[PDB]
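Quick heads-up: it's one chain on its own, the form deposited in one PDB entry, in structure tokens.
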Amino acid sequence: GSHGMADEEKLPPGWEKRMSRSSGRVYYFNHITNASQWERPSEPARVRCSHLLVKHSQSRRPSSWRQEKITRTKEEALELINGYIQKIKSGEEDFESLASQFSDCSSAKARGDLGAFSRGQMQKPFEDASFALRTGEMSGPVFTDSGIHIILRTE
């Protein structure tokens, strides 16, 4: 871009280039889905998605209250989310199985399936990530008021 640098890109809307702190190798990040991929990547009316939610609290209620179901911190929740992403990408675990096993959403019962929806129904961050995903693609950690999600667009 600058006179002393190689020129470059497209990067469809939402994408940006970055560097691996570990290898110095370039990779691409989508700031809407928060997904990362090595390959240069280079909207629809309804989409169907499945997700895995990891809740966290920051609440701090008085002694009189019953113990809360969710006690982990946001940091701990993000660590769990990143670990699941790694296991799914490495083919070590299947998205559906992990969702059924660890998702804190009531949809865990349906292997994480939320069904088909249009814009206006889901929390904005979730909605934006879902519609920016390609069919069959998975998001990176997505933050909403419900907690941290991993989203898989199935349709």
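For every residue, the number given is its place in the sequence shown, counted from 1. For clarity, a rigid core is taken as the largest C-alpha set superposing within 1.5 Å between two forms.
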Quiz item: Looking at the deposited sequence, how many residues between residue 42 and residue 43 were given no coordinates in the entry: none, 1 to 3, 4 to 9, or 10 or more?
Solution: 10 or more
Exercise. State which stretch shows the higher mean Cα B factor in the entry: 128 to 136 or 10 to 18.
Key: 10 to 18
Practice problem: Select between 26 to 34 and 52 to 60 the stretch whose C-alpha atoms have the higher average B-factor in the entry. | Solution: 52 to 60
Quiz prompt | Given 67, 100, 86, 118, the residue at which the Cα B factor reaches its maximum | solution = 67
Quiz prompt | Chain third (lowest, middle, highest) by recorded CA B-factor, residue given as residue 73 | solution = middle
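There is also a form deposited in another entry; it is not shown, and the following applies to it.
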Self-check item: residue 59 C-alpha moves between this form and the one not shown by 2 Å or more, core aligned
Solution: yes
Quiz item: With the core lined up, does the C-alpha of residue 68 move 2 Å or more between this form and the one not shown?
Solution: yes
